[PDB]
Amino acid sequence: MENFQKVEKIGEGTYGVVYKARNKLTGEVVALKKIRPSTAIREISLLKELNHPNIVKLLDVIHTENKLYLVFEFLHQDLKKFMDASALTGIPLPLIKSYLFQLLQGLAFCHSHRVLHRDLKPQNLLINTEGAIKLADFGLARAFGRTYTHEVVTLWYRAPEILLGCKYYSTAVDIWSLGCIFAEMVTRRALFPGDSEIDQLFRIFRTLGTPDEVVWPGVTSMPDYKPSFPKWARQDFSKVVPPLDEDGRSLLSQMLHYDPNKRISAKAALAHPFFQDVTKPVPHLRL
Ligand SMILES: O=C(Cc1ccc(OC(F)(F)F)cc1)Nc1cc(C2CC2)n[nH]1
């Protein structure tokens with residue numbers, strides 16, 4: 001670590017602090033994550049190989065004095081800050097479409113290697129001036145497990161099967177999270193901003209209807225399912241994400257299917273008619 005000069009704090013991650021830093025030998029500007037177990041070393045070392053243009057590059061893994069440091073590629077802005085900055089006008093639909101398309105390419109790659117993210121949220125979607133968007137913290141949930149600073153870990157993008165106690169969840173959990181983020185880019189408001197596990201689940205039920213054996217076979221046997229849940233009717237997506245067109249509403253409905261087995265895959269989502277006119281615009285960024 002004597003090879004890095006801290007520049008400024010990026011923030012407090014889930015596992016530890018993130019700093020912008022400079023590599024004294026190569027002159028490289030990086031993001032350095034300080035994490036404070038052998039199985040974790042092996043799982044993290046496997047992520048160094050999982051390289052894709054829409055995945056934030058893991059440059060190096062450093063284990064010293066029982067501390068673990070992850071050295072990542074640096075990007076100047078995250079999607080949460082970009083969405084806040086674009087709140088008055090909204091992000092233009094061609095840019096939302098380009099970002100969703102790129103994130104689906106990222107997901108299709110990681111899922112093809114049987115690697116899940118498990119904790120997608122706007123905070124870990126990073127953007128550059130060229131119009132690219134990249135997934136950060138890919139694979140860290142499986143490798144490691146409130147934050148170290150006691151901050152509450154957000155539930156807003158958590159798939160219903162996790163909330164219902166599924167132990168062996170699938171790549172479909174990442175498609176759910178990305179559907180929630182797509183809806184938030186379009187409407188400029190979080191889709192399901194729950195502030196507890198039951199509030200998160202009931203917000204989902206109030207919009208998509210309380211799930212039953214018809215739409216989700218096996219749901220009533222899930223560990224945290226309760227027959228006493230209130231029974232809410234489903235809402236139309238035309239009310240949930242206006243002014244998204246019919247192609248975007250159809251794709252969103254497939255990314256938010258209750259049954260993880262029915263939920264669209266990233267590969268099938270890339271073939272959806274919503275992406276017939278996709279382009280790569282450049283965002284307006286002030287750094
Ligand atoms: O999280 C950001 C955006 C960002 C950049 C600069 C920020 O402000 C600061 F300069 F630090 F004062 C604050 C936020 N990037 C970033 C994070 C990562 C790796 C850890 C995942 N790689 N790249």
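Just so you know, residue 1 is the first one in the sequence shown, and it goes up from there. All values below come from the heavy atoms of this structure, side chains included, with hydrogens, waters and symmetry mates left out.
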Report yes or no: do [X] and [Y] belong to one cluster of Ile/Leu/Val/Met/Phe/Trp/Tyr joined by side chain heavy-atom distances under 4.5 Å?
| X | Y | answer |
| --- | --- | --- |
| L100 | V278 | yes |
| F202 | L155 | no |
| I198 | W176 | yes |
| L32 | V7 | no |
| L59 | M1 | yes |

Straight-line distance of [X] [atom1] to [Y] [atom2], nearest 0.5 Å:
| X | Y | atom1 | atom2 | value |
| --- | --- | --- | --- | --- |
| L251 | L244 | CG | CG | 8.5 Å |
| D247 | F274 | CG | CZ | 7.5 Å |
| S265 | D174 | OG | CG | 12.5 Å |
| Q77 | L125 | CD | CG | 11.5 Å |
| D245 | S238 | CG | OG | 13.0 Å |
| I44 | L58 | CD1 | CG | 7.0 Å |

Which heavy atom of [X] sits nearest a heavy atom of [Y], and at what distance?
| X | Y | answer |
| --- | --- | --- |
| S170 | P260 | OG-CB, 4.2 Å |
| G11 | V17 | O-CG2, 3.5 Å |
| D224 | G165 | OD2-CA, 3.3 Å |
| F82 | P283 | CZ-CB, 3.9 Å |
| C110 | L50 | SG-CD2, 3.7 Å |
| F275 | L270 | CD1-O, 4.0 Å |

Keeping the roles fixed (side chain from [X], backbone from [Y]), state whether a donor-acceptor pair exists under 3.5 Å.
| X | Y | value |
| --- | --- | --- |
| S221 | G218 | yes |
| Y15 | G145 | yes |
| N23 | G27 | no |

Given side chain to side chain contact (heavy atoms under 4.5 Å, CB included), test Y99 with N54 step by step and report yes or no. CA-CA 10 Å; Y99 285 169; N54 300 102; over 6 Å; no
Which pairs with one or both residues in residues 190-200 pass side-chain hydrogen bond (donor to acceptor under 3.5 Å, both in side chains), sequence neighbours excluded?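 Of all non-adjacent pairs touching residues 190-200, those that pass side-chain hydrogen bond (donor to acceptor under 3.5 Å, both in side chains) are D199-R203.
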Student check: side-chain heavy atoms of [X] and [Y] closer than 4.5 Å:
| X | Y | value |
| --- | --- | --- |
| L135 | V56 | no |
| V219 | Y225 | yes |
| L285 | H76 | no |
| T129 | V282 | no |
| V30 | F4 | yes |
| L70 | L140 | yes |
| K20 | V29 | yes |
| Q254 | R263 | no |

Any residue meeting side-chain hydrogen bond (donor to acceptor under 3.5 Å, both in side chains) with [X], in chain and number order, not counting sequence neighbours:
| X | answer |
| --- | --- |
| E213 | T220 |
| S98 | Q102 |
| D119 | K121 |
| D259 | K262 |

Could you list all the salt bridge (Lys or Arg N to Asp or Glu O under 4.0 Å) pairs where at least one residue sits in residues 72-86, not counting sequence neighbours?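 Applying salt bridge (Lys or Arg N to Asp or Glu O under 4.0 Å) to every pair that reaches into residues 72-86, excluding sequence neighbours, yields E73-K134, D78-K81.
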Once salt bridge (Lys or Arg N to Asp or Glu O under 4.0 Å) is applied, what residue pairs with a partner in residues 264-280 remain, sequence neighbours excluded?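 Qualifying pairs: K97-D277.
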Pair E43-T39, side-chain donor/acceptor within less than 3.5 Å: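 The answer is no; no qualifying pair exists.
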Residue pair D137 / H117, side-chain donor-acceptor N/O under 3.5 Å: no
Apply side chain to side chain contact (heavy atoms under 4.5 Å, CB included) to the pair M83 and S86, showing each step before the final yes or no. CA-CA 5 Å; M83 283 205 297; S86 309; 5.8 Å; no
Pairing residues for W156 by the ring pair (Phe, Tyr, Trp, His ring centres under 6.0 Å) criterion, not counting sequence neighbours: none
Distance-only check: which donor-acceptor pairs under 3.5 Å involve side-chain atoms of residues 180-193, not counting sequence neighbours?
residue, atom, partner, partner atom, Å
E184, OE1, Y157, OH, 2.6
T187, OG1, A183, O, 3.0
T187, OG1, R189, N, 3.4
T187, OG1, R189, O, 3.1
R188, NH1, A87, O, 3.4
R188, NH1, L88, O, 3.3
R188, NH2, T89, O, 3.4

Under the ring-ring contact (aromatic ring centres under 6.0 Å, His included) definition, can you give me all pairs with a residue in residues 237-269, not counting sequence neighbours? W216-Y258
Taking everything shown except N261 itself, do over 12 heavy atoms lie less than 6.0 Å from its CG?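 No, because the 6.0 Å sphere around CG of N261 holds 12 heavy atoms or fewer from other groups.
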Determine, step by step, whether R118 and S177 satisfy the side chain to side chain contact (heavy atoms under 4.5 Å, CB included) criterion, reporting the C-alpha distance in whole Å, the side-chain angles of both residues, the deciding distance to 0.1 Å, and the verdict. CA-CA 8 Å; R118 304 169 200 264; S177 301; over 6 Å; no
Between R146 and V153, is the side chain to side chain contact (heavy atoms under 4.5 Å, CB included) condition met? List the steps. CA-CA 5 Å; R146 317 289 193 92; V153 172; 5.7 Å; no
Using atom types as modelled, flag every donor-acceptor pair under 3.5 Å from a side chain in residues 228-236 to any protein atom, sequence neighbours excluded.
residue, atom, partner, partner atom, Å
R234, NH1, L208, O, 3.0
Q235, NE2, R206, O, 3.1

With sequence neighbours excluded, residues passing salt bridge (charged side-chain N to carboxylate O under 4.0 Å, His left out) with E246: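 Only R249 meet the salt bridge (charged side-chain N to carboxylate O under 4.0 Å, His left out) criterion with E246.
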